[PDB]
Amino acid sequence: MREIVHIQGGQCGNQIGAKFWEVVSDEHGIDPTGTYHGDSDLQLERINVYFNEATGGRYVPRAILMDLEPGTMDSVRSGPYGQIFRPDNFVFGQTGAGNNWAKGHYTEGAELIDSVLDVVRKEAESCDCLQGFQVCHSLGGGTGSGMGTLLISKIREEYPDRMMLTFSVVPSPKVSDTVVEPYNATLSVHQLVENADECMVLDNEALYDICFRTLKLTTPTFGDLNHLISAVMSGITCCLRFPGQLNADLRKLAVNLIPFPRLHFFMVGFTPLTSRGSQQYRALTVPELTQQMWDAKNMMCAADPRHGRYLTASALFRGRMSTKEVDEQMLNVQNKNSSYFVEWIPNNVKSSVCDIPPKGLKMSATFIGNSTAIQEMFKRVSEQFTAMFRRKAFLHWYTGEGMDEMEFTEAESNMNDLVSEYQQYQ
Amino acid sequence: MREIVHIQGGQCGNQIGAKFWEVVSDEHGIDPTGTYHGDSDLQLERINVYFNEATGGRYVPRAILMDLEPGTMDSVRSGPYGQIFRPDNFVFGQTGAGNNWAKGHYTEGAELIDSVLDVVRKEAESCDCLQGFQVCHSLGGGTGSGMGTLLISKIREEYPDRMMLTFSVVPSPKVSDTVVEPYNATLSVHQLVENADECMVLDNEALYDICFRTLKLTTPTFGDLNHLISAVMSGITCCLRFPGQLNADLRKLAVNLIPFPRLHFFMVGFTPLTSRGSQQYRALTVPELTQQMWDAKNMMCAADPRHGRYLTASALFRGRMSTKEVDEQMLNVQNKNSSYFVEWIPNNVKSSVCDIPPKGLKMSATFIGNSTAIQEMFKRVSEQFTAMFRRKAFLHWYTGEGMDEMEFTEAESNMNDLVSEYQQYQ
Amino acid sequence: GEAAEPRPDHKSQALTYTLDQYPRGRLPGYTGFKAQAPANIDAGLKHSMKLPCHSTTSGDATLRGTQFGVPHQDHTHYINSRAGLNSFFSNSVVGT
Amino acid sequence: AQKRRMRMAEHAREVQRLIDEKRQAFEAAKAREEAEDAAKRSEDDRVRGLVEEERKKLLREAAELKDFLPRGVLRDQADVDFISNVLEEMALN
Amino acid sequence: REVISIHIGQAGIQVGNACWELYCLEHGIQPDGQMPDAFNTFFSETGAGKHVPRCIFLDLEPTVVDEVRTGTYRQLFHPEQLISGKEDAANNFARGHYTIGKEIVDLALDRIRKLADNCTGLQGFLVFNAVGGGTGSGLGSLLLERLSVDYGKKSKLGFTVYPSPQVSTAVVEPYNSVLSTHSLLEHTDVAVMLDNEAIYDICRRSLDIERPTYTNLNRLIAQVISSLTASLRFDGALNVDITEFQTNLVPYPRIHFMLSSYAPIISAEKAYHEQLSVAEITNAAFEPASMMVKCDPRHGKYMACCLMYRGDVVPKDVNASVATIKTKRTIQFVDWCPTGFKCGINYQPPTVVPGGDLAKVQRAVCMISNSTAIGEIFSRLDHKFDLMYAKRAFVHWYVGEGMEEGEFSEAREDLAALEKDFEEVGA
Amino acid sequence: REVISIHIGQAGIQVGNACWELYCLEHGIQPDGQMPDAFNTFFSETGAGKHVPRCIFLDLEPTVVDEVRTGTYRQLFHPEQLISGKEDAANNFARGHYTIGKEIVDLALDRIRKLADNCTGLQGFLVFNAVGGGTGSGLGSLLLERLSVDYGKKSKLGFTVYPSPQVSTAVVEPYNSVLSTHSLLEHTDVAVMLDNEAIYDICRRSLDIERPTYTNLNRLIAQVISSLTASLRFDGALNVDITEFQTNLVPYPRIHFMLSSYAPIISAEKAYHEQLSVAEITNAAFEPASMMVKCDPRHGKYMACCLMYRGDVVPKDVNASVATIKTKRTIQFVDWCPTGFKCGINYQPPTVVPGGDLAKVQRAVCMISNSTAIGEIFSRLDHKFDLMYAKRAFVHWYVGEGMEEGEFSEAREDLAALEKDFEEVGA
Ligand SMILES: Nc1nc2c(ncn2[C@@H]2O[C@H](COP(=O)(O)OP(=O)(O)OP(=O)(O)O)[C@@H](O)[C@H]2O)c(=O)[nH]1
Ligand SMILES: Nc1nc2c(ncn2[C@@H]2O[C@H](COP(=O)(O)OP(=O)(O)OP(=O)(O)O)[C@@H](O)[C@H]2O)c(=O)[nH]1
Ligand SMILES: Nc1nc2c(ncn2[C@@H]2O[C@H](COP(=O)(O)OP(=O)(O)O)[C@@H](O)[C@H]2O)c(=O)[nH]1
Ligand SMILES: Nc1nc2c(ncn2[C@@H]2O[C@H](COP(=O)(O)OP(=O)(O)O)[C@@H](O)[C@H]2O)c(=O)[nH]1
Ligand SMILES: [Mg+2]
Ligand SMILES: [Mg+2]
C-alpha cells in the first residue's frame, strides 16, 4: 500500500545502498538469486513496499542507481545480492564529475537528470500509494552531492505532497577525504534546507569511533560502516513492513520531531552495539538498551549533544517488549537529565514499538534525536568555507563553469542564519 | 473459409515473406517439411485460411513469389522453410529491373504481369470465399515497386470487392541506399492512393532505432528486422486464425480506421519488445503493454506521432486477458493524452482480443494508428523529388523508356494534395 | 480431425486462475501482496506461520484467549425473549 | 421446528459442498497451467541441448588453429578441458 | 405456453452460450440432452429422452458460431438451428442490412416459421442483440421488421446492449446505434437496455472481482433473463406472463425503453456474513449502484416499476417495503401513475453455476423500470452522432455500400422527435 | 434493545479486538461465528447458526485493520464493516479532520445507517477513540459531528483515552487533545475518561504484573465495558439502561466528564488468600488506587456517582455500605446534590477470559463518578498546551494542512471557559 522508492547517488550512496538491500532482503527472506525462500507469513504481506514481483518469483528492488563512472556499477554487480537490480534502473552517465559541485549541478546534470527522472517517474507510477522517497548520497563528492541535490529539487517540485528521507554523510576535519569538502557541503545544505523534508546527518568519524570503542573491531573497512548505516535505515522503516502495538509511520515521525520547517537535521544512533567478546556478559532489557541509546558516544554524528540541548527525540523499538517499561524509562531519562532538554516543550520523546526484531537478535532499537548541538557541525564547516572564500581559493573551477560568486555568498548567509536560529532556540 | 492470398514482390518482399511464412508456420505448428505436428485442436480449424492440403498432409502456403532476379529466389530457397512453397508459384522473369520504375512498370511488366495474373487467378479460384489480398513489397526498388504497383492495379481492376493489404516500406534520407528513391517512391504512392485499400507504412530507420534502444542487439541483421515485421503481420491477422472474445477482421479494421477514402496510410507498432537480459526483470500486464504501445519511440515509421494528431487508432490484443482492463487502459490513454487526438471524432480507439498468444510469449499487442503525422514523411520525400525535378536529374533513364514528364508532374500534384488534405484534418 | 471429445471450454476454464478472480481465502479488503505468480502461489501454501502466530502480540493474545474454546456456562440469568415476548407472535396459521 | 431446522442444515451442507468445489476447481486450473509451464520449459531445454552440441562441433573444428585465436572463445574451464581433449584426440590422429 | 429466443451478433450468442447453460443447470438437463413439464416452455421433447431448445443462433462470421458447434454443447442444439453466414458485416449497418441481410434473413425467418409451427402456445419472441456491431444491428433490424409483418400481434422482447458513454470498443457505433434504434422504435414492443460499464462497475464494486471479462457479464445477464421468465417456468404465489410487461410498463406506443437492475449481486463471503431480507434488497434494487445501465435515475422520474421476486418471499413484507419506498422522498414518480408498481413472486430460488461467483441466496429481486434517464442517454448519443456527421466522417462506407444521406438525416430527426417526446412526457 | 459500538483509531480497534473477544466468550460463540438470546444486543443473527457483531472498525493506516482481517476473528467480523483508508493521519488533527475525513466519513455514515436500519430497538452508540492520535481525534470528532446532525436525540457514550500528565508517547498530543475536546464538548452526551498511567499503576500494584503491555490494559478496559452493559444483556434485581447515565450523571449540558473505576482488580492468588464482600469493594471503588484516571478526588468534590454491581449481591448490604459512605467524611459531596448515588444490581458475575490475570470473583463493582478533579486535569493539559503554543511550535503543520490560528485561539479560550465553569460549580 504505502510505497518507498529508493535512490542511490554517487559512490557512497551506491555502496551503502548495496549493503542496504542485502539487509532488507535478508529480513524478508529472499535469497540473493531473487526467489523467495523464507518461512514466515509475516514476510510476504509487506514486500510490495520494497519489491515488485516480475514473473516466477523474481522480486526486483524498487531502487535507482545513478552515477557517472562505471567503477561503482561494477562494484555493485560484483558483490552478492548484486544481480537483483533491474538493468534498466542502471541509468548512468560516462564522463565523471569528480568533486565539482558545478559539474554535478550544471553541466552533466542537464543531460543525465532528465533520464533518471524518467526512470523514477516510471517506478513511481508503477505503484499505487506513494509514502515517500528514500535517498542516500554523500556531501563531499561531486557526482553525489550536486546531482543528487538537483534530483531532490526536481522531485520536490514534481511530487510536493510526498515524504522524503535523505541520508547524507558530512565532512569533518579529522576525516578529510577530499579538499573541496566545504565548497560542496555549503551549497548542498543550502539547497537541502529548502527542498528536503528531513535529513539524517552521518559522518565517517563517528562511525570509526563506534567501531573503535563499542564494536572494538580490528579492521573496520567500509563494509562495516555501511552495515551500521544499513541497520539504521532498516530500523526506521521497520514500521511500514511489520505490525506492532504502536505504529509510527515516516510522516508521523517527521511531525513528531520537526517543530519548525527549517529545523529538520537529526542525529541518529543504533542499539544494541556490543563486541562479540562482551556479548556474553551483557543483559538485554529496555533499560540496557536505553542507557546505551542516550549515550553521547552512540550518536552517528560528530556533535556532542551535551554541549547543547535536545529539542525532540524519538525511539523506534523492535521486538516483544512491555510498553510500560518503555514509557517509564523515557520518563526517567527525561527527568534525570532535565537540563539537556528544551523547557518550553513537554514530553520531548516520541516512542513506538514494532513486534518484529531484526534477524540475529531478540530486541533492537533506533534513536533519532533532533538536537541543537548540530550547529557546532555547521559552524565548523562554515568557518572553513569563510577561510577559503575570503581569499578566492579553488574558486575558478566553479566560476568558469557557469556558477557565480553570489551563490557562495548566498550559501554563507543561509548557513549563518541557520546556525543563528539554532542558537536562538537553544 | 475467408481466404488471404499472399503476394511478395522484390528482394525486400521475398525476404520479408520468408520470415513471415516462418512465423506463421510456427504458429500453426507445421514443420519445415510441410506436415502438421502441432498439439492443440485450435491450430487445425484455421489453416485453410493460409494453406492448402495437397496430398499426404502437405500444407502449401497460398503465396506467390514475384521478382526479376534469381538471387532472391535462391536466398529464399537456401534457408529452412524454403522448400515449402509450390515451385509453380515461383513466377520469375529473367532480365532484372534494377531500381528503375519505368523498367518495372512499362517494359518488363508487359511480359511478366500476364503470367503473374494467371498464377494469382488460379490461386484465387482455388479457394472459395476470398477475404482479400496481402502484398509485401518496397517503394525504393524497381521490380518491387513498379511490378507490384502494376499488379495492384490489375488486381483491383478484376476483383473490386475483396480487401487489400499492402505492407510497403518507404525510404528515409537517414538510411538511404539507392539514389532514385524519390523517383520511385513518389510514383508508387501516386498509384497507391487510388488503387490500394490501405497501406501499412514501414521503414528501416525506425526499425534500427527500435533494436538499438529497446532490444539492445549488437548486430541487427535483416533477420531481426524481418522478424519484427513478420510479428506485425501475424498480429494483424490473428483474428481470422483464432477465436477470441471480440473479433476484428480486415474489413472491420478498415472501416474502423478509415474515415475518408484517401486517408488510408497507417503507422504500426508492436509490443512487447524487451532485451533478453531484462526479459525476466519485468511484469506482463495490460498497463505495461499499453505504456510500451503508446510510446512515440515504438512506432515503425520515422514520423513522431506527437508532432500531429491521431485520426483513429486500433489495438489488437492476443492472450487471455480481462476486457475491463483492456478498455480502462484505452480510456486512460484517450484521456491522459487528450490533446494528441482529433476532436470531432469521440471514441478514437478500436480494440480487439484474440485468445491465442504468439508462440513464446504470454500476451502481446499490435497498434495500428491512422495519424496525420504521416504527412511529415511524404513531405520528407516530396521535397527531395522537387529538388531533383526542378533540374531533370536522372530523368532520361525514365524518359527514354516511354514515361513522359506529365507523369512526374501528376505525381507531384497527388503527393501535394494528399499532404494538404492531411494538413487540413490536422 | 475427428472431434470425438468436445473442446473443454477454455473461456470458462481460464477464469479461476489465469485471470486470478478466485481469492485464496482473502477478504474483500485486506490490501496486501497477492503473489500473482505460480512459484510464489505454491510457496505460500508451504508457509509455516500461516497468518495469526505467536510472533505478533495482537495475534498471540487472541490466540491465547481462544486456546481452550468456550468452556462452559449456565444460561439461567440470560434474558430469554423467546420465552415471553416472541411466544406471543406465532407463525402462519396454515403453516409456512 | 423439524422443517425449518432441516432446511437450514441442508442449506449449510450445499454451501459447504459448493465452496469445496470452487477450491478444487482452482487447484485443477493451477495444476493444468503448471503442466503447460513444465512442458514449455522442457522443450526449451531440449532445444538448448542441440545448440550445445552444435557449439561443441564448432569448437571441434576450431581446435586445429589453436595458436591463432581471438580473445574469447572459451566460455569456461570445462570448455578448456574439452578443447584439450579434442587436442589430444587430434594428436592421437 | 412456449417462448422462443433468438440470438443475433457476436455478443448475442455469447449471451446465449451462458444463458442456455443456466437453463440446463436449472432444469437438470445434462449437456448431452436428456434428464437423468416446466421445461416445456424452452425445450421441446423430441424422440425419447431428448430435449432440443427453442432457440436460433445466427451470425455472419462463422468463427464464434462454430465455436459453439465444437463446444461442450455439441449434441444439445439441432445442427440446423445454428445459422451462420459466409462473411462478417464488419461494423457496418448498411452492409448488414442491405447487401448480406438479403440472403440470410430469408433462411432465418423460414426457419423460425417451422419453429413456431412446432410450438402451440407461443407467448412471443425474445431477441438478444448488441446494436453497436454490424451483425447485431443490421440484420437484427431486418429480422425484427420481417417478423413484425409476419406475426404482428405477438410480443417481441428486445434485450439490447447499448454502448457505454465513455467506455467504447468501436468507432462507428454511434452511427450503428442510431440507425438500429430508428427501427427499434416502431418494430419491437418492449426493449430492455443493458450496458457494459454499469456491469463492470457492479462486478468490481459488489462482486469485488478486480479483473472481470465478458464471461462474468454474460453470467449475470442470464441471471436477469432467467429471473424474469421464471414466472412462466415455475408456479409462484403471484405469477406474471410476458403480455403483462407489454401493458404494465409501456404507457405510450413510442415510449418503451426499460432500465433493468438486479439484487442481491453478492460475493461468496459477504453473502453468508450479512442477513439477507426483503427490505434491503428492495432498497438496493433502486440505487444506481446496482443498475444494468450507466445512468442516474435521480435525474429522472419513474414512469412504472416492475418487481420480480424469486425464492423466499411472502407478499406481506414486499408489500410493506414498496410502501416505504413510495413514502420516501429520495425518488419521485411522475404525476400520472399513483399505482406505479407491478409485483410478481415466484417460489423457486435462483440457482448457482459451478465456476460462477454469485453465492446462493434465499431470495432475489429483478427490477424493470421506466423513466426519463433513458431520455438523457439518447441525447448523449445524439450529441456525439452529430459531431461525427457534421464532418461527413465514415459516410463513404455506407453510401458506397448503397445507402444515402436520407436515412441518416431522418434517423437523426427521429431521435430528435423521441427527445421531444421524453421531455414532454416528463413534465 | 441493541447498542452499536464503533472504534476509531489505533487504540480504538485494539480495545475492540479485546472487547469482542470477551463478548463471544461470554455468550458462548465460537471464533468462527456459530454456536457449538442475550446476544441480540450485540450480535445480529444472519440466517441460522451465524452471528455478526454490531460494530465498525475503521482507521486510516491499513496495518492494524488487516491485522484484524487476518487475526483469529476472520470469520467472526463481517467484510464490509472493517473500513480501512490508504495512509495514516500521522498525529495531525487537521490531517484527520479535513484532508482524509472528507473521503472516508461519508462511507462510514451510510454504513452506520444500514447498521441502524438493521437494528430495531437502538439504545444508542458508544465510541472508542484515543485523543492523542490524529485519526481518533480528527475524524472521530468529524464522525461524532455528523452523527449528531443525523440523530441527535440518541445517546453517544464516549470512552476516550486522555493523555497522562507525565507518561506520554506523542509530543503534539496537547494540540490534538485541545482541538478534540473543543468538539467533544457539544457532541458527546456522556464521556468517560480512561488514562494510561492509572491503569499502569493498577497492573503494577494490584495485578502484580511488572511488565505489562497494551494487551492487559485493553483486557480490563473491555471488562469494564462488559460490566457496564451487563444490565442490558442480563436481568438483575435493579437494572439500568444506557439512557440512565444521560440523566443521573450530567448536571449541566457541558459538564459531562466521568471518572471510572472497577473493583476488585485481583490476581489469581491474592483472591485465594482474601475475602470478598460488598462493604470492602464499595470502599475500594472510591480509593484512587482503583481508578482509571490519574487524579486525586481528595482535592475535588463529587457531583454524582454511579455504581454498577455484578454477581451475587443482595440490596441490603449495598444499601448499608453506601450509608456508611455518606456518613463518613473522608469524601465530601457538593452542596447542590444531597442524594449523590445511582445504584444498579445485576445477577451475573464477571466471566474471565483464559490468559488474563483477573480472578473469578463472586461480585464486582463498576463505579462511574463525576467530580472536579477533571477540572484539574483540563487545567494541567491547557497549561502545557499554552507552553508549546506561546512559541508557535508545530503550528506550521496544521496551517500547512489548511487550518489557521482562529480555531486554536477559540479552543484555548473554550477550555478556559470550561475551567471557569468547573470552578464556579465547585463552589
Ligand atoms: N456484455 C457483452 N457485450 C459484448 C459481448 N461481446 C460483444 N459485446 C459488445 O458488442 C459490441 C460490438 O458488437 P459485436 O457483438 O462485438 O459484433 P457484432 O454485433 O456481431 O457485429 P460484427 O462485428 O460486424 O459481427 C461491443 O461494443 C461490445 O461491447 C459480450 O460477450 N458481452
Ligand atoms: N490503553 C491503550 N492505549 C493505546 C493503545 N494503543 C494506542 N494507545 C494510545 O493511543 C495514543 C495515540 O493514538 P493512537 O491510537 O496510538 O494512534 P491514532 O489515534 O490511531 O492516530 P494515528 O497514529 O495517526 O493512527 C497513544 O498515546 C497511546 O497511549 C492500546 O492498545 N491501549
Ligand atoms: N562509509 C563509507 N563512506 C564512503 C564510502 N565510499 C565513499 N565514502 C565517503 O564519500 C566521501 C567522498 O565522497 P565521494 O564518494 O567522492 O562522492 P561522489 O564522488 O560524489 O560519489 C568520503 O569522505 C568517504 O568517506 C563507503 O563505502 N562507505
Ligand atoms: N527491412 C528490410 N529491408 C530490406 C531488405 N532487403 C532490402 N531492403 C530494403 O529495400 C531497399 C532496396 O529495395 P530492393 O531490394 O532493391 O527492391 P527491388 O530491387 O525492386 O527488388 C533498400 O533500401 C533496403 O533497405 C530486408 O531483408 N529487410
Ligand atoms: Mg461482431
Ligand atoms: Mg494511530
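Residues numbered from 1 in each chain as written, not as in the entry; some residues may be left out. Chains lettered and ligands numbered in written order. Part of a larger assembly, values for the part shown. Heavy atoms only, no water.

- For this entry, the PDB record names cryo-EM as the structure determination method and reports a resolution of 3.4 Å.

Examining the overall build of chain C
Inference 1: Along the backbone of chain C there are four helices and zero strands.
Inference 2: Reading chain C from its N terminus to its C terminus gives the helix and strand order α-α-α-α.
Inference 3: By its C-alpha atoms, chain C is 75 × 55 × 25 Å across when sized along the principal axes.
Inference 4: Classification of the 96 residues of chain C by burial places 33% in the buried group.
Inference 5: A total of about 6,000 Å² of accessible surface is found on chain C, and carbon and sulfur atoms cover 57% of it. (Helix = DSSP H or I, 4+ residues; strand = E, 2+ residues; numbered from the N terminus. Buried < 20%, exposed > 50% of the residue type's maximum accessible area, 1.4 Å probe, protein only. Areas by Shrake-Rupley, 256 points an atom, 1.4 Å probe, with all protein chains shown as cover.)

Points about the interface of chain E and chain B
Inference 1: Counting from both sides, the interface comprises 36 residues of chain E and, opposite them, 34 residues of chain B.
Inference 2: Taken together, the two surfaces of chain E and chain B that pack against each other cover about 3,500 Å², and 56% of this comes from carbon and sulfur.
Inference 3: The interface formed by chain E and chain B includes three salt bridges.
Inference 4: Note that B:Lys252 and E:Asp88 form a salt bridge whose closest N and O atoms lie 3.5 Å from each other. (Contact = heavy atoms within 4.5 Å. Buried area = accessible area lost by both parts, 1.4 Å probe. Salt bridge = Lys/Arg side-chain N within 4 Å of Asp/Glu carboxyl O.)

Details of the UniProt feature "binding site: Mg(2+)" in chain A
All names here are of chain A.
Inference 1: The feature "binding site: Mg(2+)", as given by UniProt, occupies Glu69 in the numbering adopted here.
Inference 2: With respect to the element layout, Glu69 can be found in the loop between β4 (63–66) and α2 (70–78).
Inference 3: Residues within four places of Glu69 in sequence aside, it is in contact with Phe92, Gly96, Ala97, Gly98 and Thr143. (UniProt positions renumbered as here; feature names shortened; annotations may be inferred.)

Some thoughts on the pattern of salt bridges
Inference 1: All told, the structure shown has 80 salt bridges over all chains when counted by the stated rule.
Inference 2: When the shortest N-O distance is used, the salt bridge between F:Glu26 and F:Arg233 registers 2.3 Å. When sorted by exposure, F:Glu26 lands in the same class as F:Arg233, which is buried.
Inference 3: One salt-bridge network, in which partners are shared between bridges, spans A:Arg86, A:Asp88, A:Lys122 and A:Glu123.

Overview of the interface of chain A and chain F
Inference 1: Taken together, the contact pairs 33 residues of chain A with 38 residues of chain F.
Inference 2: Of the roughly 3,500 Å² buried between chain A and chain F, counting both surfaces, carbon and sulfur atoms make up 58%.
Inference 3: If you sort the residues of chain A by the area they bury against chain F, A:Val255, A:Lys324 and A:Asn347 come out on top, with a joint share of 18%.
Inference 4: Counting across the interface, chain A meets chain F through three salt bridges.
Inference 5: Close ionic contact of A:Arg46 with F:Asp66 constitutes a salt bridge, the shortest N to O distance being 2.6 Å.
Inference 6: When residues of the side of chain A that touches chain F are traced back to their parent elements, those giving at least two are α10 (250–257), α12 (323–336) and β10 (349–354) of chain A.
Inference 7: The element that contributes the greatest number of residues to the side of chain A that touches chain F is α10(A), accounting for five residues.
Inference 8: Across the side of chain A that touches chain F, the residue classes tally to 15 nonpolar, nine polar and nine charged. (Nonpolar A, V, L, I, M, F, W, Y, C, P; charged D, E, K, R; others polar.)

Things to note about the packing of helix α6 (residues 181–195) of chain A against helix α13 (residues 374–389) of chain A
Residues and elements named next belong to chain A.
Inference 1: Between α6 and α13, the least distance of the axes is 9 Å, while the angle of their chain directions is 120°. Between α6 and α13, the interaxial angle falls into the category oblique. In this structure, α6 crosses over α13, and the sense of that crossing is left-handed. Seen from α6, the contacting residues are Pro182, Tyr183, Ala185, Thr186, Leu187 and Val189; seen from α13, they are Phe378, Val381, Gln384, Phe385, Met388 and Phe389. (Axes fitted to C-alpha atoms, helices over the stretch in contact; angles between N-to-C directions. Parallel < 35°, antiparallel > 145°, perpendicular 65-115°, else oblique. Left-handed = near helix turned anticlockwise from the far one by under 90°.)

Some thoughts on a nonpolar patch on the surface
Residues and elements named next belong to chain D.
Inference 1: Side chains of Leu65, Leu69, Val73 and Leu74 sit close together on the surface and give an oily, nonpolar patch of about 290 Å² of accessible area.
Inference 2: With respect to the element layout, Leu74 can be found in the loop between α1 (2–62) and α2 (77–92).
Inference 3: Residue classification places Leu74 among the partly exposed residues on the basis of a relative accessible area of 39%. (Patch = residues over 30% accessible without salt bridge, like charges linked within 9 Å, V, L, I, M, F, W, Y side chains within 5 Å.)

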